[PDB]
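Visitor: Residue numbers (PDB author numbering), protein chains in the order written: chain 5, 214 to 726; chain u, 214 to 726; chain t, 214 to 726.
This is the structure I have questions about; it appears just below.
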Amino acid sequence: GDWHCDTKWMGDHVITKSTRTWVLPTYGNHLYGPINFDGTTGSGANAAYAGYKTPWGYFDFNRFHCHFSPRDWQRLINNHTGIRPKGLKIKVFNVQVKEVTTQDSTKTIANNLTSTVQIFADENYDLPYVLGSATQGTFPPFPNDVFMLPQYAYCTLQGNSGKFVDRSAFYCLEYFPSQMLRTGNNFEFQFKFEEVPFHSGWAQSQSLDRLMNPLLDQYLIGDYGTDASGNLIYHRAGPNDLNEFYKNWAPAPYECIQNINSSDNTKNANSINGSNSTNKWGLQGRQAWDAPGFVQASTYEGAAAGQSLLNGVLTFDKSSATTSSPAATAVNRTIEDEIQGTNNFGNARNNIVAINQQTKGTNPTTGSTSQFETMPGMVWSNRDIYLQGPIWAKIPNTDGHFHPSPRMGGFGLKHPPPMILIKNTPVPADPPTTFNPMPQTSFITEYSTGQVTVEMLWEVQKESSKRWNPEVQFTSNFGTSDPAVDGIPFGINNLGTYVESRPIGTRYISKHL
Amino acid sequence: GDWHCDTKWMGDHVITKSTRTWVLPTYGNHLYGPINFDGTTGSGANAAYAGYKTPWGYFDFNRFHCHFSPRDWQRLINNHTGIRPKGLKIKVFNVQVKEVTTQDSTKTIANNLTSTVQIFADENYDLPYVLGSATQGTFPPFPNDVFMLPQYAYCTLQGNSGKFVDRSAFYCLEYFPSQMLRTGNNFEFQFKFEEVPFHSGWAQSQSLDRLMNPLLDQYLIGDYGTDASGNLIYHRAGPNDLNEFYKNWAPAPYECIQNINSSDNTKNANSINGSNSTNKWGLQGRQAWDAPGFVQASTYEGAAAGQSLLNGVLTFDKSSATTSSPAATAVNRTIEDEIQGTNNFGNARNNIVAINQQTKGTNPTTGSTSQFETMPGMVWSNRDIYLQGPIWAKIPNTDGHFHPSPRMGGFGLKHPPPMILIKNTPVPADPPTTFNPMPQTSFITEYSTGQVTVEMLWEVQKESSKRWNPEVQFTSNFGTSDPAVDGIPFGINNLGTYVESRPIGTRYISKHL
Amino acid sequence: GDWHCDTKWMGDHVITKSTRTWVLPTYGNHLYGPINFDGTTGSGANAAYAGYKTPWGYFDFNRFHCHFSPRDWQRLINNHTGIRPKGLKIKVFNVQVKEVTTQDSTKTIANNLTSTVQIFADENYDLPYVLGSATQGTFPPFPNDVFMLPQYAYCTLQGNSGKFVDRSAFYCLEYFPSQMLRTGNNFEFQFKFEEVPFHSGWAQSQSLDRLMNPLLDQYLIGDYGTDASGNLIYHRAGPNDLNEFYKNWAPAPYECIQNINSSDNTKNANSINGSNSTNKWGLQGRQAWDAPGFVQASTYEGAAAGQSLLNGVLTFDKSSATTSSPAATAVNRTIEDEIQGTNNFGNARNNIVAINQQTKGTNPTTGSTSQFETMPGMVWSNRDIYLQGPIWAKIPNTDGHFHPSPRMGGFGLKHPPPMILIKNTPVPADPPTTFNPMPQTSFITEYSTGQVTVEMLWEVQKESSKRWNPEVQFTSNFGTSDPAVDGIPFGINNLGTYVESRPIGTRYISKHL
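Dropping the structure here:
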């Protein structure tokens, strides 16, 4: 094989090729094993799980910035209002297995030419599909970087205390037809996406509450109150009060999501516990974070600087890190203000309904609602996709689903790209000279390495807007920085690591609502 | 592949094949990095730069003596008045990668058969083109010598103190389609030069100020002065004064370039600072040496022996050296006296113009000019090409350029030969047995080696001159020397190194101007 | 006819249609007349002129913002590195002539259906071509605006005191074949531009003084000085001093242009006279402003904020004005920093040449040059084109010209778009009832109006850059403003006038030099 990394922009299509180097350790000493956690220690009963670890490992390209560069992403988002995937091609090649030997004085590495690796793509979705969970192990952003393939594992149904039950499944992965790859062999796979709507690559320049001609007034008459005697009063909505207008549509549904302020210290209460104040959804006796939830506006236009939602936004690392508690300077915190036309700001309880029934004695009373769900006549927008975020998710296999668009972002797929698994074939050490029936537990220490190339085909929308004035676009505003410490933003720094300086998203072009 | 080195002289064409052995180290520990220098120390603010180092490396054949031998160069310059390039072919083959292992007791080297190297030619001129800067790393003069490929790096725009700015670019070189070469694979590349005028391979046997018939006198009348009363006087130019002649043409433009004397000690001022007395051109707040400048005659015919210009000539090493301050006996200092017909001697301020306006009271006054630039009706000659000098340069991509002939010498090309880059593919060491998301920073120590052959096609002019007397030609005038210390000049010396004894150039044949 | 205004973006082409309403007064009472100014009063002798006024009037579309909108210009300059014109179509139609009558009590306007207007395009360039002088009368930026056609006039050769001479020409414009247009008639004209190079739509990300590999050092030896005894010293340029490098190319030529600071008050001398400190070029006994001159960098990267050149930049009005001395808040002052790679900052006298000839007694001396003109081996860039600036100029008809690119900006054309002239046909009042031989000086007061549409065809370059990091682009950065006083920037304000908020230009994309 050869190294193919390039991008080609056709009129409505763009092709992205990228190729990378990987390394595969032997996981688990060639052994499966059960794993669980019960609720006796640590987080608690809500953290319990049960499942299996597997000697196999797998490839994950599911993030965007695997397939694009900050220049190719800019070229996409300033000129195009939509994108969707078409097909992909995967090729792993130049596989070479290496044996490791240690005398405790030094470690020797040799090249074993007859060893193989096993690889198969799961076509029929027989194994539990772990790709859409936004975990680590994805290809690096920067092509010169070498990455390590993650170990495959899954969770099954659990009883109390994180124990197996009857419905719990155990999957043997050697019961699948696979291909063995020596040096000189390659593995290729074709895939074609199902028809999916374009993602919306535009911000919106109007609002639902103002769709009208502001000079006019309605031919519909409203109810302005009652008289002092109890007689109904009428009123016509007009340009002096436009909130009075009747309207055909309503904004998005919501659950109230607590607000947090990232920039301003003085806007936040002291010592709040983010575990207690997060939205939860419970299932099966325990309850998990509902996050990010259904997308609400993080902030609206006139607003305090730094306003956000608590666990209502996506947050990324500037560079890959294990920190587990990163500092605020190491993160890219997204802002979704572009949906503020159809999507209300979370933690704003504006909606108001009637809580009683009037009569002569009783005055009508109303109240504000913390949770207001979907009813006919509502319109909303999906969460934006980011250069650092997931491309797709797998829609669960179930009897019903409502607007099956992933809550993290991207494209819900009924048949997503299949999960490609790989392991090192075991090579046993010298057996005894008399026959033993027991399984052979002694093996030769080895690992694999090679290249993998991913070629993706995309479908874009170019538009014609007749607005006169210019539009906001994504530009590089940094003043200088310092080649001696931090390099070019979106480039290699002094220590050699690649840094993604700020989060980027697809909505820079306005379109009237 | 096979070893092809030969030269074939056809009538108007000559083909030069040469092949060499190279070695490629791993540069930068597989890491990019930012580089800068500010003006706080060392040379000063004029020395500041900013850019990136790359793990890649590249081939440079841009000097002539890569493609020719002192005998083939002599055969060219005595019989031919012009040369230009036509096409070239590049082939790198017999690539073999080697692993290095050290116990601190000894260093072991082994041959890894499955490792690869990556190579690509930059066709579209996407990367900054560093070849035309006359830096080191070129193929050796002598074919039996083994050379090392230089590391690739570039400069971007800089702010003050050598810092990056918005316009500063970062180029990832793994974003290019490349070819992987094991043992048994080769990389070939074809290139064809654009149409370019022949270089002038002749000295000139006349002068601009004498183009005339010396026996005759003009039908044009001159202005010989005014009378004692103020009446205009006329004069006819004739064989007694030939400087009086009117003329259709004028010599080359110039900037005054200070003179230095290489041979004679007693002609030079004591302790001059070559940094202060060099011509500069400033750009972007700082100023760089203007060197060599636009070519002026280093010396003219009747002149002091050893006369030259300060930073107005090219100077070479007799053999490749790192000295950084070589002795005068280790250098080949060129002399351009062959343009003395159309090109005036630098540091001669001869040109004279009128500095006032006469009338009855005011006598006319004139002055000599230090800088006299291009005006209609001028003719000049380009700098000569040398066996040790650069073949081509890349004309910058810009809206305008005037006479785009390189100032060092050779052929300005809008599409020069592309820059061929190569690196060793990284082979990682054994990973841990549990998954880590961080990039893998431990690799196996290795290097590459192989052969590269370059085949160039040239176009020459043979002439017929009707002069009677013989012409000067390039001959070997050395008396004897000493096989015990210095071998044959233009040959291997006692220590084994190859020495180029004196500088050679293409103008030995006279032609009337 | 119909109203056609739209823009269509094809792959390499873009078509711009725009149509406007005009009004044509009767100029000069149907009379030609001589005009002059002598140097006795006012500005002085340098302001003298002589020529003729004409009853005719003409169309001028020569500015860019006639053909583009701020959104279509943004779409051009962020995605494209070059533009050139191809052809144009002009159509004037819906012509209606109106008679005016006054009783001194009121003014009556009536519609005369049989009156005509005369129109012709000057194909052969027989009349003096006044279009390329950047004067007023151009189509408005905003299509709903109604504009007035300017009166045609020209200058001829003059003697002293602004008087006619023998060579002075008088042109009768009724000696040309023209077309008469009633209501229901239209005038159409086709034109096709000559082949012209693309304008450079990119900023440049490198510099001439750094084109090299910064890690390496040269095989060319320099001259570092002389010894204390007078012996020549040598030095090798290397990464510690990169200004020492020999180089094939040199930056732009210049004339020194005085600097002015627009933003900072404290950087400017008090009460300078811009007429005395401007560069001049004299011709024919008098001297005119040389402005802007040949383009130099207004400012370079690390620099004081507000730095500019005095009469070295273009300056525009935010909205069309007669002010004649506009305030600094009413103007758009351009900045050209994008050429700072090949073009030195004006009013920086960096260049240094040798002013003497050394010997034992005399030390070498140098000096800085105020004016350094074109010599072989220089590269520069042309002035940028702006949304508010001229599209083309007419190259004078002359025996020689050097780099005939207009100094204001745009495309020098040997055959530019011809000049289209129009007048109202005279309608005489009632003659006497006895014959008089004298010319008839009494006419009916009238004016014309109609629509004109201009359809232009353009040729654009789209590029592929392999830089990784993103590029700067043109965006709308204004925070809010105030619908009650100033509307959307690049939109109608409260009083109804159209305002162009800031100057825009075509170089936002970096490309290595």
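The C-beta atom is built at its ideal place from N, Cα and C for all residues, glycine as well.
Determine contact between the segment 619-633 of chain 5 and the segment 401-419 of chain 5, defined as no fewer than three beta-carbon pairs at a distance below 8 Å.
Guide: The segment 619-633 of chain 5 is in contact with the segment 401-419 of chain 5.
Visitor: With a threshold of 8 Å between beta carbons, is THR396 (chain u) in contact with chain 5?
Guide: False, the Cβ-Cβ gap to chain 5 never drops below 8 Å.
Visitor: Start and end of the beta strand (DSSP E) containing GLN664 (chain 5)?
Guide: Where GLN664 (chain 5) is concerned, the enclosing beta strand (DSSP E) stretches over 659-674.
Visitor: Could you tell me whether the Cβ atoms of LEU394 (chain 5) and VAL308 (chain 5) are closer together than 8 Å?
Guide: Contact: yes.
Visitor: Any C-beta of chain t sitting closer than 8 Å to the C-beta of residue 177 (chain u)?
Guide: Nothing can be reported for residue 177 (chain u): it is not among the residues displayed for chain u, which extend from 214 to 726.
Visitor: Let me know the beta strand (DSSP E) ranges lying completely inside the segment 549-627 of chain u, each 3 residues or longer, listed in chain order.
Guide: Qualifying beta strand (DSSP E) stretches, in chain order: 565-567, 579-581, 605-607, 613-615 and 624-626.
Visitor: Helix, strand or coil for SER689 (chain 5), going by three-state DSSP, please let me know.
Guide: Coil.
Visitor: Can you name, in chain order, every residue of its own chain whose Cβ lies under 6 Å from the Cβ of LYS480 (chain 5), other than the five neighbours on each side?
Guide: Closer than 6 Å at the Cβ level, and outside the excluded window around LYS480 (chain 5), lie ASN474.
Visitor: Please list, in chain order, all residues of the same chain as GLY590 (chain 5) whose beta carbon is under 8 Å from its beta carbon, the five residues on each side excluded.
Guide: Excluding positions up to five away in sequence, the list reads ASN461, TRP462 and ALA463.
Visitor: Just list the residues that DSSP pairs residue 738 (chain 5) with in beta bridges.
Guide: Because chain 5 spans 214 through 726 in this model, residue 738 (chain 5) falls outside it and cannot be assessed.
Visitor: When the distance is taken between beta carbons, is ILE434 (chain u) closer than 8 Å to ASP440 (chain u)?
Guide: No, the pair does not count as a contact, with Cβ atoms beyond the cut-off.
Visitor: Would you identify the three-state DSSP class for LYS724 (chain t), choosing helix, strand or coil?
Guide: The answer is strand: DSSP assigns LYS724 (chain t) an E or B state.
Visitor: Using C-beta distances below 7 Å, list every residue in its chain close to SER694 (chain u), excluding the 5 sequence neighbours before and after it, in chain order.
Guide: Taken in chain order, the residues that qualify are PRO702.
Visitor: At a Cβ cut of 9 Å, what residues of the segment 432-452 of chain t count as close to chain u, listed as they run along the chain?
Guide: The residues in question are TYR432, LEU433, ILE434, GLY435, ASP436, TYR437, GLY438, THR439, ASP440, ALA441, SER442, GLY443, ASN444, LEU445, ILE446, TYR447, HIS448, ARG449, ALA450, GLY451 and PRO452.
Visitor: Chain u partners of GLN570 (chain t), CB-CB under 7 Å?
Guide: Per Cβ cutoff of 7 Å: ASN472 and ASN560.
Visitor: Helix, strand or coil for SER346 (chain u) per DSSP?
Guide: Correct three-state label for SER346 (chain u): helix.
Visitor: Do the CB positions of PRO652 (chain u) and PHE360 (chain 5) come within less than 8 Å of each other?
Guide: Yes, Cβ-Cβ distance for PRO652 (chain u) and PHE360 (chain 5) is below 8 Å.
Visitor: Below 8 Å on the Cβ atoms is my guess for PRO452 (chain 5) versus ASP422 (chain 5); work out the distance and round it to an integer in Å.
Guide: Going by Cβ atoms, the distance from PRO452 (chain 5) to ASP422 (chain 5) rounds to 14 Å, so no, they are not a contact pair.
Visitor: Kindly indicate which residue of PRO283 (chain 5), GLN417 (chain 5) and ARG562 (chain 5) has the alpha-carbon position closest to the one of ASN472 (chain 5).
Guide: Nearest C-alpha to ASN472 (chain 5): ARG562 (chain 5).
Visitor: At the level of alpha carbons, what is the spacing between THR329 (chain t) and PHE389 (chain t)?
Guide: Each residue's alpha carbon lies about 17 Å from the other.
Visitor: Would you identify the three-state DSSP class for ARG284 (chain t), choosing helix, strand or coil?
Guide: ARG284 (chain t) falls in the helix class under three-state DSSP.
Visitor: Any C-beta of chain 5 sitting closer than 8 Å to the C-beta of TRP502 (chain t)?
Guide: Not closer than 8 Å to any Cβ of chain 5, the Cβ of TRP502 (chain t) fails to qualify, so no.
Visitor: Given a cut-off of 8 Å on the beta-carbon distance, is the pair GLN674 (chain t) and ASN291 (chain 5) in contact?
Guide: The answer is no: Cβ separation not under 8 Å.
Visitor: How many Å lie between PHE377 (chain u) and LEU370 (chain u) at the Cα?
Guide: Using only the alpha carbons, I get a separation of about 7 Å.
Visitor: Give the straight-line distance between the Cα atoms of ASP597 (chain u) and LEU362 (chain u), rounded to the nearest whole angstrom.
Guide: If I take the Cα positions, the gap works out to 28 Å.
Visitor: In chain order, which alpha helix (DSSP H) runs of at least 4 residues are fully inside the segment 302-332 of chain u?
Guide: None, since the segment 302-332 of chain u contains no complete alpha helix (DSSP H) of that length.
Visitor: Residues of chain 5 with CB under 8 Å from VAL330 (chain u), in chain order?
Guide: The contacting residues do not exist; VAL330 (chain u) stays about 11 Å from chain 5 at best.
Visitor: To be precise: take each residue of the segment 335-363 of chain t, compare its Cβ to all Cβ atoms of chain 5, and keep it if any distance is under 7 Å. Which residues remain?
Guide: Going along the segment 335-363 of chain t in chain order, one finds no residue with a Cβ nearer than 7 Å to chain 5.
Visitor: Can a CB atom of chain 5 be found closer than 8 Å to the CB of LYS376 (chain u)?
Guide: Chain 5 contact via Cβ: present.
Visitor: In this structure, what does DSSP give as the bridge partners for residue 755 (chain t)?
Guide: The first residue shown for chain t is 214 and the last is 726, placing residue 755 (chain t) beyond what the model contains.
Visitor: What are the boundary residues of the beta strand (DSSP E) that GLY435 (chain 5) is part of?
Guide: From DSSP, the beta strand (DSSP E) with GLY435 (chain 5) extends over 434-439.
Visitor: Find the residues of chain t that neighbour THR253 (chain u), judging by a C-beta separation of less than 8 Å, and give them in chain order.
Guide: Those within 8 Å of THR253 (chain u) in chain t number zero; the least Cβ separation is about 13 Å.
Visitor: When the Cα atoms are used, what is the spatial distance from residue 744 (chain t) to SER678 (chain u)?
Guide: The requested residue 744 (chain t) is not part of the displayed model; chain t covers only 214 to 726.
Visitor: Using the C-alpha atoms, what's the distance from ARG233 (chain u) back to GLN664 (chain u)?
Guide: When rounded, the distance between both Cα atoms is 5 Å.
Visitor: Compare the C-alpha of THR542 (chain u) against each of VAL526 (chain u), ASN325 (chain u), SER532 (chain u) and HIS217 (chain u) and name the closest.
Guide: Of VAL526 (chain u), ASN325 (chain u), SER532 (chain u) and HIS217 (chain u), the residue nearest in Cα terms is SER532 (chain u).
Visitor: List, in chain order, every chain 5 residue whose beta-carbon is nearer than 8 Å to that of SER537 (chain u).
Guide: Ordered by position in chain 5, no residue passes the 8 Å Cβ test against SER537 (chain u), which lies about 25 Å from the chain.
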